[PDB]
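Here is the structure we will look at.
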Amino acid sequence: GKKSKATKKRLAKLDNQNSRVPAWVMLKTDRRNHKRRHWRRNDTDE
Amino acid sequence: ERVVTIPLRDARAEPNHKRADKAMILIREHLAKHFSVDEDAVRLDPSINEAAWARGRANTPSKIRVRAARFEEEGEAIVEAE
Amino acid sequence: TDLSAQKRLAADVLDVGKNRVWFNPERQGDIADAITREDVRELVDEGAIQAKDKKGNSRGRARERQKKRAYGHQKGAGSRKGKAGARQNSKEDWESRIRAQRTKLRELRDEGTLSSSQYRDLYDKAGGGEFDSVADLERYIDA
Amino acid sequence: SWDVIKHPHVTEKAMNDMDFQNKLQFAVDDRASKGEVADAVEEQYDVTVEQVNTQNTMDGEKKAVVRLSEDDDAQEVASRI
Amino acid sequence: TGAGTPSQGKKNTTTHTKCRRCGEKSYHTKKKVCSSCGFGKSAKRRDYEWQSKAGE
RNA sequence: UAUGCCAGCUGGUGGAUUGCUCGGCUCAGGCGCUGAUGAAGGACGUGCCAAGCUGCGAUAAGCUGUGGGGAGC
RNA sequence: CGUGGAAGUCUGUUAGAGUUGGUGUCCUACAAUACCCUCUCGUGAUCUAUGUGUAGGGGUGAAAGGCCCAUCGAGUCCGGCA
RNA sequence: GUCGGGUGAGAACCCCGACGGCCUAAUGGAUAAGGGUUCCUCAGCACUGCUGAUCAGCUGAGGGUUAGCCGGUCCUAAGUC
RNA sequence: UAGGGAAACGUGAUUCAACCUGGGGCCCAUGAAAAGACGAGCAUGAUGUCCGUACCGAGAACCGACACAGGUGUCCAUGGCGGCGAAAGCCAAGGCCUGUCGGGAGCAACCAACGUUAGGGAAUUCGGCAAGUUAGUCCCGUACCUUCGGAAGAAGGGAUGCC
RNA sequence: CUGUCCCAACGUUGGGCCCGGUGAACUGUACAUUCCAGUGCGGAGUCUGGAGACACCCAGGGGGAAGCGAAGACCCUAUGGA
Ligand SMILES: [Cl-]
Ligand SMILES: [Cl-]
Ligand SMILES: [Mg+2]
Ligand SMILES: [Mg+2]
Ligand SMILES: [Mg+2]
Ligand SMILES: [Mg+2]
Ligand SMILES: [Mg+2]
Ligand SMILES: [Mg+2]
Ligand SMILES: [Mg+2]
Ligand SMILES: [Mg+2]
Ligand SMILES: [Mg+2]
Ligand SMILES: [Mg+2]
Ligand SMILES: [Mg+2]
Ligand SMILES: [Mg+2]
Ligand code: NA
Ligand code: NA
Ligand code: NA
Ligand code: NA
Ligand code: NA
Ligand code: NA
Ligand code: NA
Ligand code: NA
Ligand code: NA
Ligand code: NA
Ligand code: NA
Ligand code: NA
Ligand SMILES: [Sr+2]
Ligand SMILES: [Sr+2]
Ligand SMILES: [Sr+2]
Ligand SMILES: [Sr+2]
Ligand SMILES: [Sr+2]
Ligand SMILES: [Sr+2]
Ligand SMILES: [Sr+2]
Ligand SMILES: [Sr+2]
Ligand SMILES: [Sr+2]
Ligand SMILES: [Sr+2]
Ligand SMILES: [Sr+2]
Ligand SMILES: [Sr+2]
Ligand SMILES: [Sr+2]
Ligand SMILES: [Sr+2]
Ligand SMILES: [Sr+2]
Ligand SMILES: [Sr+2]
Ligand SMILES: [Sr+2]
Ligand SMILES: [Sr+2]
Ligand SMILES: [Sr+2]
Ligand SMILES: [Sr+2]
Ligand SMILES: [Sr+2]
Ligand SMILES: [Sr+2]
Ligand SMILES: [Sr+2]
Ligand SMILES: [Sr+2]
Ligand SMILES: [Sr+2]
């Protein structure tokens, strides 16, 4: 499949949203990424 | 150290297409009994492996001449074909 | 030590398949430190990384058989598997036969042996399939 | 309004292009053309750009590979900034 | 051929995509119409009274 | 007496119960239009380190003025 | 006699399409229609990818009430509705 | 698959060699759709993996896709708006 | 006196996919369109932006809730022996040991797939279901019936290796 | 023509059995070592009378639990539906 520029920006964003909650937020809140999406297990849009 | 003749006729009990694998077990079992050591301690030089797998996995020779040496503190045996 | 990454690089460096590249068992640690392609090329020069020779099927037993068949042997009724017209195409055999017969008659006209009246009579008979071979054509011309 | 050059792209592959091919890599704005990237580099750094190669990265940004002339040295330009 | 599992293998067509107007994955790229907001069909947004209970 | 039955004791498992309420539900009073000066909504951005929410819009958790406020942020 | 090479033509696990029997295997499956062997068609009313059209008392149907996204003697969703 | 060896706290299944096999319209090569980072490197084993794992399509962090002449882009098709 | 190769760094031939160019035949079937190019020269210089580009493409990267024995289009149809063959079987190039749990018991009963069974030979069974028999090629030879096409590979008989 | 049969045998490969590791589901009112008779809503492990019965575990083929699976499609009924 051939992706467009906008489709690429969205996929790019979804990949960034897939990073873990930083180590410092755990210490600041004194103690979970609920939007964890896998390439196989989960499904994106379009 | 001595030269022994290992009979591999008990490899017929195991299915035909897997005779070579059982032949290798039988060699390790024989040398451990006759040299009074553990099966983990017996080391078979690749020459024995190639001798038993010569005609494939199914046609293993009924006998095999083998030269084995015995030494060390815990006790072990290095073995090869001749 | 995991040398599978290097096996991929060596196979591209030597331009040989992954299954044909050999690594020295005594030099595993030196190959484990081989990060780049320049590191691999250096180990190829050192002889540590080598490419095995590719197999080629021996045509010797086929050649002996080709000699026998060219001499007319081993083509008996017990060796034929295909039908007759499958072994030799009839349309192609007629093309071979009639072209040869028309080339003979063309030469005999230029030679002066046959006149444009005798030639026409034979060409039309050849196109009607009156002659089996070129020898059978000559056997008709000579009386 | 949007600026053309966002920040320099400094990675291992970016340094190889700088040391051997005299190329400076930049993370630019995705609406910028090859010509607009060329002009902005010649103005912000005082160099002469020969060729620009753009790629839309899987980061949502546009990566531009900018080749300088022989008069300019990429290693010297990246060291001052 | 079964209408079940073996007919699922042919399903590689893209129809419903992210909509320019509402953002839902309902823009039918073959019909050029959105099944959620009505983009491509109407200037007005697709809303219906049956999307909620009669007295609500 | 093994396998084992019934009740209990100590410890688990589980999360009922009791207590608690940053949420709801309902009633009442007030108030009440926005948009081509491009709304509402959505997308993507925006933080030193930033995934979610909130905010904000390339001037991007914010800029200016007046008033309040006050030693903190 | 040769030439020619016709054909909803024949043999064919060529690719490909189909699915007769085993009422085999499976039947908390590998699988909400699968596995194996056997069997049928295979230059044509052939097979096939992609694009495109026809919509629910309506389509589509070489007709079996077949098919219209595991849903059909009237699809699915939500509403009427407690 | 087997015998040796490598790394490792730990090795039947991670890596090397040898021997022994399997695939030939595919189990090889290039691709469409579709997927969407699954690609590469490093570090890992709590999750995932029909057992184990030092391995991995898994976890985390970095990195990676460069075109006048390959596609899109342009043209018109059934047809659609 | 590019590139590539450790080296040599060939020459002729046959059969010839691709590609080129012709002749014939068929249709109650007649086998796109448009942009564009040609027509219509040469120098020199400049410009040539924008979007895609990773990887999988499958018995683990797609659809089927799964690392699913299912499903899923295209090009490689000219690798060798074999043979009519893009058939079988075997083997290169390439790929793989991941159709991913192992160890042990001459390893019983029982089951799935399967081999061989004397004499008899369908007695089995609703029924030869299952299995088996036959088989490729050449030669000889071939009935009833027929819409004269066919029946037909009728049937039946012989042959078949190697040197 | 032949293991379809007379009439069954031996063998082969994968299971099956033992060990390490992984690890479900169906089902469950209770009690429950049953058997022969009887009785009972006339088809009882549980009632009555007798008989038998030391507990536990392994493998088996499935006699019984009118076994498990599905609020019977048959039939009738409903001022039911299509
Ligand atoms: Cl492309
Ligand atoms: Cl011609
Ligand atoms: Mg990432
Ligand atoms: Mg002919
Ligand atoms: Mg580009
Ligand atoms: Mg279609
Ligand atoms: Mg009917
Ligand atoms: Mg690693
Ligand atoms: Mg798998
Ligand atoms: Mg007999
Ligand atoms: Mg039969
Ligand atoms: Mg009922
Ligand atoms: Mg009825
Ligand atoms: Mg009615
Ligand atoms: Na997905
Ligand atoms: Na950045
Ligand atoms: Na017990
Ligand atoms: Na108000
Ligand atoms: Na954040
Ligand atoms: Na004729
Ligand atoms: Na079938
Ligand atoms: Na309807
Ligand atoms: Na494994
Ligand atoms: Na050949
Ligand atoms: Na039998
Ligand atoms: Na029973
Ligand atoms: Sr999936
Ligand atoms: Sr990145
Ligand atoms: Sr399809
Ligand atoms: Sr419309
Ligand atoms: Sr409305
Ligand atoms: Sr049947
Ligand atoms: Sr099975
Ligand atoms: Sr079934
Ligand atoms: Sr069968
Ligand atoms: Sr046929
Ligand atoms: Sr035909
Ligand atoms: Sr309702
Ligand atoms: Sr490929
Ligand atoms: Sr561990
Ligand atoms: Sr990988
Ligand atoms: Sr590629
Ligand atoms: Sr497949
Ligand atoms: Sr199938
Ligand atoms: Sr090979
Ligand atoms: Sr595994
Ligand atoms: Sr025999
Ligand atoms: Sr009979
Ligand atoms: Sr005969
Ligand atoms: Sr009693
Ligand atoms: Sr049983």
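Here, A, B, ... name the chains of the structure tokens in the order displayed, residue numbers run from 1 inside each chain, and ligands are numbered from 1 in the same displayed order.
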Residues of chain E were defined as contacting chain G if any atom lay at most 9 Å from it, counting only C-alpha atoms (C1' of nucleotides); please report them as a short mmCIF file (atom, residue, chain, number, x, y, z; two decimals) with N, CA, C and O atoms, in the first residue's frame.
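Final output, selection.cif:
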data_model
loop_
_atom_site.label_atom_id
_atom_site.label_comp_id
_atom_site.auth_asym_id
_atom_site.auth_seq_id
_atom_site.Cartn_x
_atom_site.Cartn_y
_atom_site.Cartn_z
N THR E 1 -16.90 -23.57 -1.27
CA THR E 1 -16.21 -22.59 -0.37
C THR E 1 -17.15 -22.10 0.75
O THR E 1 -18.29 -21.70 0.48
N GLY E 2 -16.65 -22.13 1.98
CA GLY E 2 -17.43 -21.67 3.13
C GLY E 2 -17.52 -20.16 3.19
O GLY E 2 -16.58 -19.46 2.82
N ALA E 3 -18.67 -19.65 3.64
CA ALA E 3 -18.91 -18.20 3.76
C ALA E 3 -18.23 -17.62 5.00
O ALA E 3 -18.16 -16.40 5.18
N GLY E 4 -17.68 -18.53 5.80
CA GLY E 4 -17.02 -18.17 7.03
C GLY E 4 -15.56 -17.85 6.85
O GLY E 4 -15.20 -16.99 6.05
N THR E 5 -14.71 -18.60 7.57
CA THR E 5 -13.26 -18.41 7.58
C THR E 5 -12.58 -18.36 6.20
O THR E 5 -11.72 -17.49 5.98
N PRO E 6 -12.97 -19.24 5.23
CA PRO E 6 -12.23 -19.08 3.97
C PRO E 6 -12.60 -17.87 3.12
O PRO E 6 -11.83 -17.52 2.24
N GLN E 8 -12.94 -14.90 4.45
CA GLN E 8 -12.35 -13.75 5.15
C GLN E 8 -11.00 -13.36 4.59
O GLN E 8 -10.54 -12.23 4.78
N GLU E 49 -32.83 11.47 15.25
CA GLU E 49 -33.48 11.38 16.56
C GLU E 49 -33.49 10.01 17.21
O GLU E 49 -33.59 9.89 18.44
N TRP E 50 -33.27 8.98 16.39
CA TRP E 50 -33.23 7.61 16.88
C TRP E 50 -31.90 7.23 17.49
O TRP E 50 -31.73 6.10 17.93
N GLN E 51 -30.95 8.17 17.50
CA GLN E 51 -29.61 7.96 18.08
C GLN E 51 -29.67 8.01 19.60
O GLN E 51 -28.67 7.81 20.30
N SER E 52 -30.87 8.29 20.09
CA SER E 52 -31.19 8.37 21.50
C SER E 52 -32.63 7.89 21.65
O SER E 52 -33.40 7.91 20.69
N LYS E 53 -32.99 7.54 22.88
CA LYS E 53 -34.33 7.09 23.25
C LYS E 53 -35.33 8.23 23.04
O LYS E 53 -34.98 9.38 23.26
N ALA E 54 -36.54 7.90 22.60
CA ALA E 54 -37.58 8.90 22.31
C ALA E 54 -37.79 10.07 23.29
O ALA E 54 -37.90 11.22 22.86
#
Expected answer as number ranges by chain: strand (DSSP E) residues in chain B: B: 2-7, 42-44, 63-71, 76-81
Contacts to ligand 35 at 10 Å cut-off (only C-alpha atoms (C1' of nucleotides) and all ligand atoms) as a PyMOL selection string: (chain G and resi 21-22+24+36-38) or (chain I and resi 113+130-131)
N, CA and C atoms (P, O5', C5', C4', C3', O3' and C1' of nucleotides) of the current selection, written as a PDB file, in the first residue's frame:
ATOM      1  P     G G  21     -21.195 -38.145  -2.927  1.00  0.00           P
ATOM      2  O5'   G G  21     -20.205 -39.362  -2.664  1.00  0.00           O
ATOM      3  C5'   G G  21     -20.550 -40.699  -3.083  1.00  0.00           C
ATOM      4  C4'   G G  21     -19.388 -41.635  -2.868  1.00  0.00           C
ATOM      5  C3'   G G  21     -18.887 -41.749  -1.443  1.00  0.00           C
ATOM      6  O3'   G G  21     -19.652 -42.686  -0.718  1.00  0.00           O
ATOM      7  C1'   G G  21     -17.054 -41.454  -2.882  1.00  0.00           C
ATOM      8  P     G G  22     -19.785 -42.545   0.873  1.00  0.00           P
ATOM      9  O5'   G G  22     -18.337 -42.887   1.448  1.00  0.00           O
ATOM     10  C5'   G G  22     -17.868 -44.249   1.562  1.00  0.00           C
ATOM     11  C4'   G G  22     -16.380 -44.259   1.828  1.00  0.00           C
ATOM     12  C3'   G G  22     -15.930 -43.773   3.201  1.00  0.00           C
ATOM     13  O3'   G G  22     -15.871 -44.742   4.252  1.00  0.00           O
ATOM     14  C1'   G G  22     -14.543 -42.857   1.508  1.00  0.00           C
ATOM     15  P     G G  24     -16.957 -41.551   7.949  1.00  0.00           P
ATOM     16  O5'   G G  24     -15.438 -41.979   7.767  1.00  0.00           O
ATOM     17  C5'   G G  24     -15.030 -43.355   7.904  1.00  0.00           C
ATOM     18  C4'   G G  24     -13.564 -43.466   7.619  1.00  0.00           C
ATOM     19  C3'   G G  24     -12.727 -42.544   8.486  1.00  0.00           C
ATOM     20  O3'   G G  24     -12.374 -43.162   9.714  1.00  0.00           O
ATOM     21  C1'   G G  24     -12.217 -42.142   6.222  1.00  0.00           C
ATOM     22  P     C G  36      -4.742 -31.776   2.391  1.00  0.00           P
ATOM     23  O5'   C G  36      -4.743 -33.361   2.278  1.00  0.00           O
ATOM     24  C5'   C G  36      -3.685 -34.135   2.860  1.00  0.00           C
ATOM     25  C4'   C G  36      -4.054 -35.589   2.877  1.00  0.00           C
ATOM     26  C3'   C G  36      -4.501 -36.148   1.544  1.00  0.00           C
ATOM     27  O3'   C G  36      -3.383 -36.445   0.729  1.00  0.00           O
ATOM     28  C1'   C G  36      -5.985 -36.871   3.230  1.00  0.00           C
ATOM     29  P     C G  37      -3.483 -36.264  -0.867  1.00  0.00           P
ATOM     30  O5'   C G  37      -4.289 -37.554  -1.345  1.00  0.00           O
ATOM     31  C5'   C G  37      -3.694 -38.858  -1.245  1.00  0.00           C
ATOM     32  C4'   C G  37      -4.739 -39.932  -1.407  1.00  0.00           C
ATOM     33  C3'   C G  37      -5.534 -39.902  -2.702  1.00  0.00           C
ATOM     34  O3'   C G  37      -4.821 -40.533  -3.748  1.00  0.00           O
ATOM     35  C1'   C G  37      -7.009 -40.208  -0.889  1.00  0.00           C
ATOM     36  P     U G  38      -5.108 -40.120  -5.271  1.00  0.00           P
ATOM     37  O5'   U G  38      -6.632 -40.542  -5.487  1.00  0.00           O
ATOM     38  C5'   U G  38      -7.026 -41.928  -5.435  1.00  0.00           C
ATOM     39  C4'   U G  38      -8.529 -42.056  -5.528  1.00  0.00           C
ATOM     40  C3'   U G  38      -9.182 -41.338  -6.693  1.00  0.00           C
ATOM     41  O3'   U G  38      -9.128 -42.089  -7.886  1.00  0.00           O
ATOM     42  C1'   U G  38     -10.366 -40.830  -4.735  1.00  0.00           C
TER      43        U G  38
ATOM     44  P     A I 113      -7.529 -43.623   9.216  1.00  0.00           P
ATOM     45  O5'   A I 113      -6.052 -43.278   8.739  1.00  0.00           O
ATOM     46  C5'   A I 113      -5.544 -43.789   7.514  1.00  0.00           C
ATOM     47  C4'   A I 113      -4.080 -43.475   7.378  1.00  0.00           C
ATOM     48  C3'   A I 113      -3.402 -44.554   6.569  1.00  0.00           C
ATOM     49  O3'   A I 113      -3.592 -44.352   5.186  1.00  0.00           O
ATOM     50  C1'   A I 113      -2.201 -44.245   8.565  1.00  0.00           C
ATOM     51  P     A I 130     -15.538 -46.514  -1.905  1.00  0.00           P
ATOM     52  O5'   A I 130     -14.491 -47.323  -1.012  1.00  0.00           O
ATOM     53  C5'   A I 130     -14.090 -46.855   0.288  1.00  0.00           C
ATOM     54  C4'   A I 130     -13.201 -47.875   0.966  1.00  0.00           C
ATOM     55  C3'   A I 130     -11.948 -48.282   0.223  1.00  0.00           C
ATOM     56  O3'   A I 130     -10.879 -47.380   0.385  1.00  0.00           O
ATOM     57  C1'   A I 130     -13.033 -50.223   0.942  1.00  0.00           C
ATOM     58  P     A I 131      -9.922 -47.069  -0.867  1.00  0.00           P
ATOM     59  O5'   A I 131      -9.213 -48.462  -1.192  1.00  0.00           O
ATOM     60  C5'   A I 131      -8.199 -48.987  -0.313  1.00  0.00           C
ATOM     61  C4'   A I 131      -7.955 -50.456  -0.583  1.00  0.00           C
ATOM     62  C3'   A I 131      -7.331 -50.829  -1.912  1.00  0.00           C
ATOM     63  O3'   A I 131      -5.926 -50.669  -1.890  1.00  0.00           O
ATOM     64  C1'   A I 131      -9.162 -52.236  -1.523  1.00  0.00           C
TER      65        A I 131
END
Proximal residues of chain H relative to chain C (only C-alpha atoms (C1' of nucleotides); 12 Å) as a list in words: residues 4, 5, 6, 7, 8, 14, 15, 16, 17, 18, 28, 40, 41, 54 and 55 of chain H
Neighbourhood of ligand 41 at 10 Å, counting only C-alpha atoms (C1' of nucleotides) and all ligand atoms, reported as a PyMOL selection string: (chain H and resi 38-40+56-57) or (chain I and resi 55)
Environment of ligand 4 within 8 Å, counting only C-alpha atoms (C1' of nucleotides) and all ligand atoms, reported as number ranges by chain: C: 90-91; G: 5
Would you output that residue set with N, CA, C and O atoms (P, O5', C5', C4', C3', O3' and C1' of nucleotides), as a PDB file, in the first residue's frame?
ATOM      1  N   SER C  90       5.284 -34.451 -36.989  1.00  0.00           N
ATOM      2  CA  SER C  90       4.998 -34.717 -38.395  1.00  0.00           C
ATOM      3  C   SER C  90       4.989 -33.493 -39.315  1.00  0.00           C
ATOM      4  O   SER C  90       5.458 -33.579 -40.451  1.00  0.00           O
ATOM      5  N   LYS C  91       4.507 -32.355 -38.813  1.00  0.00           N
ATOM      6  CA  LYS C  91       4.463 -31.123 -39.605  1.00  0.00           C
ATOM      7  C   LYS C  91       5.890 -30.617 -39.822  1.00  0.00           C
ATOM      8  O   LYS C  91       6.237 -30.211 -40.927  1.00  0.00           O
TER       9      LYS C  91
ATOM     10  P     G G   5      -1.943 -25.460 -40.507  1.00  0.00           P
ATOM     11  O5'   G G   5      -3.161 -25.544 -39.487  1.00  0.00           O
ATOM     12  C5'   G G   5      -4.431 -24.941 -39.801  1.00  0.00           C
ATOM     13  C4'   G G   5      -5.525 -25.665 -39.068  1.00  0.00           C
ATOM     14  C3'   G G   5      -5.347 -25.716 -37.554  1.00  0.00           C
ATOM     15  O3'   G G   5      -6.639 -25.810 -36.963  1.00  0.00           O
ATOM     16  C1'   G G   5      -5.315 -27.897 -38.404  1.00  0.00           C
TER      17        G G   5
END
Which of J:52, J:67, J:62, J:3 sits closest to residue 36 (chain J) [using only C-alpha atoms (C1' of nucleotides)]: J:52
Picked from chain A by DSSP as alpha helix (DSSP H), as a ChimeraX atom specification: /A:5-16,23-28
Write to file, as an mmCIF file, in the first residue's frame, the residues of the selection just made, with N, CA and C atoms.
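For reference, part04.cif as written:
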data_model
loop_
_atom_site.group_PDB
_atom_site.id
_atom_site.type_symbol
_atom_site.label_atom_id
_atom_site.label_comp_id
_atom_site.auth_asym_id
_atom_site.auth_seq_id
_atom_site.Cartn_x
_atom_site.Cartn_y
_atom_site.Cartn_z
ATOM 1 N N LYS A 5 1.032 11.900 2.470
ATOM 2 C CA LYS A 5 1.762 12.694 3.452
ATOM 3 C C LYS A 5 1.004 12.824 4.775
ATOM 4 N N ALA A 6 -0.317 13.011 4.694
ATOM 5 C CA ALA A 6 -1.167 13.145 5.884
ATOM 6 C C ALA A 6 -1.278 11.819 6.623
ATOM 7 N N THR A 7 -1.396 10.726 5.857
ATOM 8 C CA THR A 7 -1.493 9.363 6.394
ATOM 9 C C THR A 7 -0.202 9.041 7.143
ATOM 10 N N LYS A 8 0.909 9.532 6.598
ATOM 11 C CA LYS A 8 2.232 9.323 7.176
ATOM 12 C C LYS A 8 2.383 10.079 8.495
ATOM 13 N N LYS A 9 1.818 11.286 8.558
ATOM 14 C CA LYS A 9 1.881 12.115 9.764
ATOM 15 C C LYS A 9 1.086 11.491 10.901
ATOM 16 N N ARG A 10 -0.030 10.852 10.544
ATOM 17 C CA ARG A 10 -0.906 10.181 11.502
ATOM 18 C C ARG A 10 -0.252 8.920 12.037
ATOM 19 N N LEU A 11 0.348 8.138 11.138
ATOM 20 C CA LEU A 11 1.029 6.907 11.525
ATOM 21 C C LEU A 11 2.233 7.233 12.384
ATOM 22 N N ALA A 12 2.869 8.361 12.064
ATOM 23 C CA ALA A 12 4.038 8.864 12.779
ATOM 24 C C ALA A 12 3.670 9.238 14.212
ATOM 25 N N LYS A 13 2.485 9.841 14.360
ATOM 26 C CA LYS A 13 1.946 10.268 15.652
ATOM 27 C C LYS A 13 1.596 9.059 16.510
ATOM 28 N N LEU A 14 0.922 8.077 15.902
ATOM 29 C CA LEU A 14 0.506 6.839 16.577
ATOM 30 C C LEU A 14 1.685 6.053 17.120
ATOM 31 N N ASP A 15 2.828 6.187 16.443
ATOM 32 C CA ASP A 15 4.066 5.527 16.837
ATOM 33 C C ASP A 15 4.658 6.229 18.049
ATOM 34 N N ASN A 16 4.527 7.554 18.082
ATOM 35 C CA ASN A 16 5.044 8.355 19.186
ATOM 36 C C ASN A 16 4.191 8.173 20.441
ATOM 37 N N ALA A 23 9.976 7.843 33.400
ATOM 38 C CA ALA A 23 10.388 7.485 34.755
ATOM 39 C C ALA A 23 10.102 8.533 35.830
ATOM 40 N N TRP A 24 10.221 9.810 35.454
ATOM 41 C CA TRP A 24 10.000 10.927 36.371
ATOM 42 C C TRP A 24 8.552 11.217 36.771
ATOM 43 N N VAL A 25 7.600 10.822 35.919
ATOM 44 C CA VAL A 25 6.166 11.019 36.180
ATOM 45 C C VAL A 25 5.730 10.092 37.317
ATOM 46 N N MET A 26 6.411 8.950 37.428
ATOM 47 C CA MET A 26 6.155 7.946 38.465
ATOM 48 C C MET A 26 6.570 8.474 39.842
ATOM 49 N N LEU A 27 7.648 9.259 39.865
ATOM 50 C CA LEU A 27 8.184 9.853 41.092
ATOM 51 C C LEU A 27 7.424 11.121 41.495
ATOM 52 N N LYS A 28 6.965 11.873 40.494
ATOM 53 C CA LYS A 28 6.223 13.115 40.700
ATOM 54 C C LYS A 28 4.793 12.851 41.198
#
Counting only C-alpha atoms (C1' of nucleotides) and all ligand atoms, the option among G:15, G:63, G:30, G:1 closest to ligand 9: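 The answer is G:30, which sits nearest to ligand 9.
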Only residues of chain I matter here; which ones have an atom within 12 Å of chain B, counting only C-alpha atoms (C1' of nucleotides)? Give them as a PDB file with N, CA and C atoms (P, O5', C5', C4', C3', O3' and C1' of nucleotides), in the first residue's frame.
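The resulting file, selection28.pdb, is reproduced below:
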ATOM      1  P     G I 103      13.918 -36.236  22.704  1.00  0.00           P
ATOM      2  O5'   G I 103      14.096 -36.920  24.131  1.00  0.00           O
ATOM      3  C5'   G I 103      15.186 -36.563  24.994  1.00  0.00           C
ATOM      4  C4'   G I 103      15.030 -37.248  26.330  1.00  0.00           C
ATOM      5  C3'   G I 103      14.894 -38.762  26.288  1.00  0.00           C
ATOM      6  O3'   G I 103      16.139 -39.437  26.211  1.00  0.00           O
ATOM      7  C1'   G I 103      13.207 -37.880  27.671  1.00  0.00           C
ATOM      8  P     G I 104      16.219 -40.877  25.497  1.00  0.00           P
ATOM      9  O5'   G I 104      15.194 -41.800  26.307  1.00  0.00           O
ATOM     10  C5'   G I 104      15.553 -42.317  27.600  1.00  0.00           C
ATOM     11  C4'   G I 104      14.476 -43.225  28.157  1.00  0.00           C
ATOM     12  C3'   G I 104      14.086 -44.486  27.404  1.00  0.00           C
ATOM     13  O3'   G I 104      15.041 -45.539  27.547  1.00  0.00           O
ATOM     14  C1'   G I 104      12.160 -43.463  28.323  1.00  0.00           C
ATOM     15  P     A I 105      15.017 -46.795  26.536  1.00  0.00           P
ATOM     16  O5'   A I 105      13.662 -47.551  26.880  1.00  0.00           O
ATOM     17  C5'   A I 105      13.521 -48.283  28.098  1.00  0.00           C
ATOM     18  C4'   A I 105      12.170 -48.944  28.151  1.00  0.00           C
ATOM     19  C3'   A I 105      11.825 -49.907  27.027  1.00  0.00           C
ATOM     20  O3'   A I 105      12.434 -51.177  27.229  1.00  0.00           O
ATOM     21  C1'   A I 105       9.943 -48.583  27.605  1.00  0.00           C
ATOM     22  P     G I 106      13.334 -51.831  26.070  1.00  0.00           P
ATOM     23  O5'   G I 106      12.293 -52.578  25.122  1.00  0.00           O
ATOM     24  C5'   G I 106      12.629 -52.887  23.758  1.00  0.00           C
ATOM     25  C4'   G I 106      11.392 -53.300  22.996  1.00  0.00           C
ATOM     26  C3'   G I 106      10.819 -54.670  23.345  1.00  0.00           C
ATOM     27  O3'   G I 106       9.404 -54.660  23.174  1.00  0.00           O
ATOM     28  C1'   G I 106      11.449 -54.638  21.067  1.00  0.00           C
ATOM     29  P     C I 107       8.441 -54.467  24.447  1.00  0.00           P
ATOM     30  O5'   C I 107       8.477 -52.900  24.720  1.00  0.00           O
ATOM     31  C5'   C I 107       7.395 -52.253  25.407  1.00  0.00           C
ATOM     32  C4'   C I 107       6.711 -51.265  24.491  1.00  0.00           C
ATOM     33  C3'   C I 107       6.333 -51.791  23.109  1.00  0.00           C
ATOM     34  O3'   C I 107       5.148 -51.139  22.691  1.00  0.00           O
ATOM     35  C1'   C I 107       7.783 -49.958  22.871  1.00  0.00           C
TER      36        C I 107
END
Interface list for chain H, partner chain A, 7 Å threshold, only C-alpha atoms (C1' of nucleotides), as JSON, numbers by chain: {"H": [33, 34, 36, 38]}
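The space between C1' of residue 35 (chain G) and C1' of residue 63 (chain I) spans 21.4 Å.
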Within 7 Å of ligand 10 (only C-alpha atoms (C1' of nucleotides) and all ligand atoms), residues as an MDAnalysis selection string: (chainID I and resid 117:119) or (chainID J and resid 3)
Surroundings of ligand 18 up to 12 Å, based on only C-alpha atoms (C1' of nucleotides) and all ligand atoms, as a ChimeraX atom specification: /F:30-33
Expected answer as a PyMOL selection string: chain D residues within 7 Å of chain H, only C-alpha atoms (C1' of nucleotides): chain D and resi 53-55
Preceding selection exported with C-alpha atoms as a PDB file, in the first residue's frame:
ATOM      1  CA  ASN D  53      17.725  16.005  -0.806  1.00  0.00           C
ATOM      2  CA  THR D  54      14.477  15.869   1.168  1.00  0.00           C
ATOM      3  CA  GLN D  55      12.726  13.033   2.977  1.00  0.00           C
TER       4      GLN D  55
END
